Amino acid sequence: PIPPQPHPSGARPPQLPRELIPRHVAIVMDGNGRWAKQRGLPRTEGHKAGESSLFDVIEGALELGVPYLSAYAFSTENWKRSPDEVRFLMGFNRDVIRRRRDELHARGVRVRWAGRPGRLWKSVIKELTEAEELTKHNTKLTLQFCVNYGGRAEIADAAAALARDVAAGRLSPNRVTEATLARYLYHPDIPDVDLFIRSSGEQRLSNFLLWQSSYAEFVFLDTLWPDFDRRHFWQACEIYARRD
Amino acid sequence: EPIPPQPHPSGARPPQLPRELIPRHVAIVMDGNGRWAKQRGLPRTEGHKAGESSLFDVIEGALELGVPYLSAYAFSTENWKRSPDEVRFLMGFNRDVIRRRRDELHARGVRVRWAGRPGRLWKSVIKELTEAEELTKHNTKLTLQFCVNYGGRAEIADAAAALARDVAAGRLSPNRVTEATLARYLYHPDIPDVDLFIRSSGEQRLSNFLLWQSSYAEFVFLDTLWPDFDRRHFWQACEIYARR
């Protein structure tokens, strides 16, 4: 695997005991809009900046040795936004995956798409699907790239799939437990969230890896997502460690 | 005709908030009983005893302000941090509290709903909870979801299990399983989403409480240890919620 490029600031990963480094970090990447309003830029420029944020945080995860990183790329809540914002976000998240696919393959990043095909463009589904196939043998970092995703939707899809196995006689209805339902999540081999980072001031789960975040530590930072990089990730990991 | 709540000794009055900004459902984790006892050189069990007065004062605060739904995490099934003796005490205690307070609650128009599993709960605990439910079942001023032997994942798994029984019996199609379907099989489907999730102590976690229902909830993390917590802290949390 090609090593991560270090930060322009020359900041280095904190020396933490391996036992206190979170195995799975989840990030809600919010404030792309708010950031643009504050700098008199259009909302689209916030999202553009957010691309570099994610890719820096991925470097931070590789440097520190965090093996699972989940990113809330496109929430089903986005369907409530304007047609023009949704058109931009589809085209953007597609173009980001197409542009950065090869960089991720090289650094040993396994891309897992979590979410529903639903009303996504077929071009978005295609890029995500291909990125999954290309990277499916990598093991250095798993990026759970959550596109058209909701935590309730994932649990409902798990219950639906469980229900099909019950109907077909493959599973008894009296053997339906937490562990049973967990087997039917989108990516059951991905473990629980240890650290849930919410970039901005808004102190909410927002329907993200709901089942998986039940016992997670929450870290609420003030940094809008376009100003977020590996140093804010590292700070959140340090806060996590000090909580032991 | 419900008897009104007793006002606070301090003579503190509920904040004047627009009805639209008062949370419909508040969920509370009651943390710091142990720490509070340690500070006063008392055994951990005395903190829990003190917490009773905290819960009852917060209920008065909910009635004064007009919050119709209040959920309390009285007893988690996963007491993995606690000693066998403290767990044994907490089963008996939550039973004794519901016995001692059911009539006060009946009088103030509080409907008690038990959320949790009969599981390994003593028959005596189930009895007191069940009788409190029956006594109060026509009240409507406040719903107290008293969560005893409860976990968020357990409730979702039990929902999926009940859904699975209906599928096995041919009462329900497995391709008709959606968020709304699964939500009908929760312990109390008529109790709405959590608007405000209050965690009394510094520990910033869901701790597996009303997981499905807290998907879009606002989290408010206070510093107050639970025995020092009363309607004024509840009201502060509702003010923080409104100012959002």
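Structure determination for this entry is recorded as X-ray crystallography, at 2.600 Å resolution.

This entry's official PDB title is "CRYSTAL STRUCTURE OF DODECAPRENYL DIPHOSPHATE SYNTHASE FROM THERMOBIFIDA FUSCA". Turning to chain B, the UniProt annotation filed under Subunit states: "Homodimer." Heading Sequence similarities of the UniProt record for chain B holds this comment: "Belongs to the UPP synthase family."

Its UniProt record gives chain A the following Subunit comment, quoted word for word: "Homodimer."

**Notes on the interface of chain B and chain A**
Between chain B and chain A, the residue contacts involve 36 residues of the former and 36 residues of the latter. Both sides together, the interface formed by chain B and chain A hides about 3300 Å², and carbon and sulfur atoms give 57% of it. A per-residue breakdown of the area chain B buries against chain A is headed by B:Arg153, B:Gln204 and B:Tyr216, which together make up 22% of the total. Counting every contact that joins chain B to chain A gives four salt bridges. We note a salt bridge from B:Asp193 to A:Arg152, for which the minimum N-O separation is 2.9 Å. Of all the secondary structure elements, the ones that give two or more residues to the side of chain B that touches chain A are α5 (152-168), α6 (179-183) and β6 (218-221) of chain B. Among the elements that make up the side of chain B that touches chain A, the one with the highest residue count is α5(B) (11 residues). Of the residues belonging to the side of chain B that touches chain A, the class tally is 19 nonpolar, eight polar and nine charged.

**Brief notes about the pairing of β6(B)**
All names here are of chain B. Side chains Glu218 and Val220 of β6 all project onto a buried face; the interleaved residues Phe219 and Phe221 project onto the opposite face, where all are buried too. As defined by bridge partners, strand β5 (residues 196-199) adjoins β6 across four bridges and the pair is classed as parallel. Looking at β6, one finds that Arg199 is bridged to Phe221.

**Points about the UniProt feature "binding site: Mg(2+)" in chain A**
Cross-referencing UniProt, the feature "binding site: Mg(2+)" maps to A:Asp30 and A:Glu217 in the present numbering. As for its placement among the helices and strands, A:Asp30 is situated in the loop between β1 (24-28) and α1 (32-38). Not counting the four nearest positions on each side in its chain, A:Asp30 is found in contact with A:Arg198, A:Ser199, A:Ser200, A:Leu224 and A:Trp225. Here A:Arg198 takes part through its side chain, which lies 3.5 Å from a polar atom of the side chain of A:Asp30. One can find A:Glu217 in strand β6 (residues 217-220). Look at A:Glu217 and you get buried, because its relative accessible area is 14%. Not counting residues within four places of it along the chain, the set of residues in contact with A:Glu217 comprises A:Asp194, A:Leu195, A:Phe196, A:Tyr240, A:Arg243, B:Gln204 and B:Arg205. For A:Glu217, the side chain forms a polar contact with the side chain of A:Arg243, separated by 2.9 Å.

**Some points on unusual backbone geometry**
Note: most residues except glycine have negative phi, and most peptide bonds are trans. For A:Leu209, which is not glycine, the phi dihedral falls at a positive 35°. Summarising the element assignment, A:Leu209 is placed in the loop between β5 (195-198) and β6. Its identity as a non-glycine residue notwithstanding, B:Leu210 has a phi of 40°, on the positive side. Among the structural elements, B:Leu210 can be located in the loop between β5 and β6. Taking the relative accessible area as the measure of exposure, B:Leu210 reaches 0% and is therefore buried.

**Considerations on the nonpolar core**
Membership of the largest hydrophobic core comes to 58 residues, with the highest contact counts inside it found for A:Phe196, A:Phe208, B:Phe197 and B:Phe209. Listed by contribution, the elements that provide at least two residues to this core are β1, β4 (141-149), α5 (151-167) and β6 of chain A together with β1 (25-29), β4 (142-150), α5 and β6 of chain B.

**Considerations on the sheet that holds β1(B)**
Residues and elements named next belong to chain B. If you trace the six strands from one edge of the open sheet to the other, you get β3-β4-β2-β1-β5-β6, paired in parallel fashion. For this open sheet the edge positions go to β3 (110-115) and β6, each flanked by a neighbour on one side alone. In this sheet, neighbouring strand axes are inclined to one another by 20° on average, regardless of whether the strands run parallel or antiparallel. Both β1 and β5 contribute to a ladder of four bridges, which runs parallel. Bridge pairing in β5 links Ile28 to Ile198. Sheet contacts for helix α3 (residues 84-107): β2 (69-76), β3 and β4; angle to β2, the most-contacted strand, approximately 155°.

**Quick notes on the pairing of β4(A)**
Residues and elements named next belong to chain A. β4 sits mainly inside the fold: nine of its nine residues count as buried. Across seven bridges, strand β2 (residues 68-75) lies against β4 in parallel orientation. Bridging from a neighbouring strand, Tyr72 pairs with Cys146 of β4. Judged from the six bridges that link them, strand β3 (residues 109-114) and β4 form a sheet pairing that is parallel. Bridge assignment links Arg110 to a residue of β4, and that residue is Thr142.

Basis of the calculations
- Residues numbered from 1 in each chain as written, not as in the entry; some residues may be left out.
- Chains lettered and ligands numbered in written order.
- Heavy atoms only, no water.
- Residues with missing side-chain atoms left out of burial classes, pairs and counts.
- UniProt positions renumbered as here; feature names shortened; annotations may be inferred.
- Contact = heavy atoms within 4.5 Å.
- Buried area = accessible area lost by both parts, 1.4 Å probe.
- Salt bridge = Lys/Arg side-chain N within 4 Å of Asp/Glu carboxyl O.
- Helix = DSSP H or I, 4+ residues; strand = E, 2+ residues; numbered from the N terminus.
- Nonpolar A, V, L, I, M, F, W, Y, C, P; charged D, E, K, R; others polar.
- Buried < 20%, exposed > 50% of the residue type's maximum accessible area, 1.4 Å probe, protein only.
- Pairing = 2+ DSSP bridges.
- Polar contact = N/O pair within 3.5 Å; in protein donor to acceptor, adjacent residues only side chain to side chain.
- Core = buried A, V, L, I, M, F, W, Y, C linked by side-chain atoms within 4.5 Å.
- Axes fitted to C-alpha atoms, helices over the stretch in contact; angles between N-to-C directions.

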